[PDB]
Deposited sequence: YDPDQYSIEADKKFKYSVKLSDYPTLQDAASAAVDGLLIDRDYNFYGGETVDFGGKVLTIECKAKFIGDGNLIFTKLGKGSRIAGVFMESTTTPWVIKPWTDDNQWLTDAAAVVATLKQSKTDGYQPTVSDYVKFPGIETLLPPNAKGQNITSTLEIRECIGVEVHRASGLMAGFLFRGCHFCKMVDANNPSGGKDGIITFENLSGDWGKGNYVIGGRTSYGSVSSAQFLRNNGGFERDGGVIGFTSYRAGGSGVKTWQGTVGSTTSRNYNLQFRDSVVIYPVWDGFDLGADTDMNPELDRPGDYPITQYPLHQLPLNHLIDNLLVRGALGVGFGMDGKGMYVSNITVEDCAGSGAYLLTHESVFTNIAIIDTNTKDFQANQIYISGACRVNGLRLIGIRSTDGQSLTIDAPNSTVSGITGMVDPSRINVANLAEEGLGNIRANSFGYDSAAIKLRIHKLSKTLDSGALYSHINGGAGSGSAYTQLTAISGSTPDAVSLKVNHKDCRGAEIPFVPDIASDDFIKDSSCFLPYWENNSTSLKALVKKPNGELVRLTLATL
């Protein structure tokens, strides 16, 4: 029977049969079932002997610190892992029962409680975020470092599915072709919830966060260090949701970490949502002179050819910036940012294109100077601004087309704004006695319209009569001078004349005449520039 049993049954060892995880790992052939809670010590390392194992978790890994998995064979899968710390730290909860953010240090300190969730451990970033909190926090609430972390070290082709936990972290160190799939809402600890770190060895490639969600955590939910997806864009974050990150929802590191670059290139950031991060929704910048990366002589600061594939992202409720990035030659599309306390978008980009961007009700707390900032020479095609709630857009070197929304024109600063390809147009006016097409030359004034074409009701509704007026500003008084057609249904044109003797220089073109007033004779005269260019003054109207 043994011969037969050995050939007809599925192989699997279970943790309940061993004293240590390494013993179970050593006995494993195909499957490994975690069927009893396991308390690990920080730094406990397991060697899986290069075996391609299917690890099914039905219990917890309990401990502060890192549980290190090494030598897992390509194709290994770990499903249902649940990490939980032994320590219950002091956490702050910077929001109210009405879901309003608390910005006052004293109010935030008042939220202090010991829990493994529904808040996060304060870190130095909070000292900046809630000024004065550093001196108000009790000593036992400062410098905490609690995270129960599953560290996958130097493995290739390992996937972690439906992971969860309390004060949990997942670290892929020196890994390639690894994925964090369908994270089952783990509640974060002190470190990043999902981290792909490749500071040593080759640049990380094939590393993804696919689907799922995370909650809380003191720093960023998903973060990458020294990863390059190649032209194939093999890596990134797709279909992910981050809620209440103590740092940012999704972050590509910037600058030098250690003696090398922590920057990232050629990754995908698509179909993801970030809600209520304490800092930013998406922080995709690379610069904060670049050991291990391109020299400043090759690419100036904020001008690296990051080449990320960015599309279909939604951000709501950030206490910081909704969407931030830098780089040169980027194509970004379909970004929607709503209800943010700081800027909706902070873009240190150059020679980049932004298509179909919607920034709705941002910088609600005036943390920044604008709702959307673009530093370099960029192109914006389709920009929706203003929801239901300081410049709105400050992109001094950018050319923009297609803005929609109830924006205040005096709060727009761009290099060029134009609608070159509209068809025949109709201006529909509702709730007013007039319809208008206004012109504003920002060089003359950002606050006053310089001229206009209006249509005004004669009499009342259903009168079947209106008058058209063409105006010009004079003496900083909009519509100061104007020509009318059909005022009071008179069916004639009312023409403005120079109130005094017209100077020779008032007339512009040949074969034109300019009426002027001669008070001493109660006459209308006409300064005429003949077809040949010569001036002559004629009598136009008299008693």
| item | value |
| --- | --- |
| Deposited positions without coordinates, collected into consecutive stretches in sequence order | 1 to 5, 294 to 299, 401 to 405 |
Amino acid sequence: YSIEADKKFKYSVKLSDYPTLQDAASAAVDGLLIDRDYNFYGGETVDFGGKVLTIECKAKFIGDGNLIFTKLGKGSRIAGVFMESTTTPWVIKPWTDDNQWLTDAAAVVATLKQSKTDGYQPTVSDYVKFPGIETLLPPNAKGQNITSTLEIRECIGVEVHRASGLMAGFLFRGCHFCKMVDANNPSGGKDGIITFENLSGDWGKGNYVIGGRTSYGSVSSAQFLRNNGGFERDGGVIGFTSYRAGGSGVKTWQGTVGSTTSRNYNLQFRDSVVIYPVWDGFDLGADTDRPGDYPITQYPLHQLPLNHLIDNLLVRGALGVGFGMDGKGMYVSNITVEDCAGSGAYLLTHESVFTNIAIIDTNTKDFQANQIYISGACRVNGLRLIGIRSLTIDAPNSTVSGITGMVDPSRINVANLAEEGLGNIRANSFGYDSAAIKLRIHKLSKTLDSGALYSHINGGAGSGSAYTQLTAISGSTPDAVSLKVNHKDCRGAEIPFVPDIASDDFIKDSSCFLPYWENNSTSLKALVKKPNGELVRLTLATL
From here on, numbers count along this sequence of modelled residues.
{"property": "87 to 95 versus 364 to 372 - greater average Cα B-factor per the deposited record", "result": "364 to 372"}
{"property": "Residue stretch of maximal mean CA temperature factor, 326 to 334 vs 462 to 470", "result": "462 to 470"}
{"property": "Among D271, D202, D283, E197 - the residue whose C-alpha B-factor is largest in the record", "result": "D202"}
{"property": "Largest Cα B-factor, entry values, listed residues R290, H350, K179, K251", "result": "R290"}
{"property": "For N140, the third of its chain into which the C-alpha B factor falls", "result": "highest"}
{"property": "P515 - which third its CA temperature factor falls in, relative to the rest of the chain", "result": "highest"}
{"property": "Lowest, middle or highest third - CA B-factor, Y243", "result": "lowest"}
{"property": "Chain-relative CA temperature factor third for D234", "result": "lowest"}
{"property": "Assigned third (lowest, middle, highest) for the C-alpha B factor of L304", "result": "middle"}
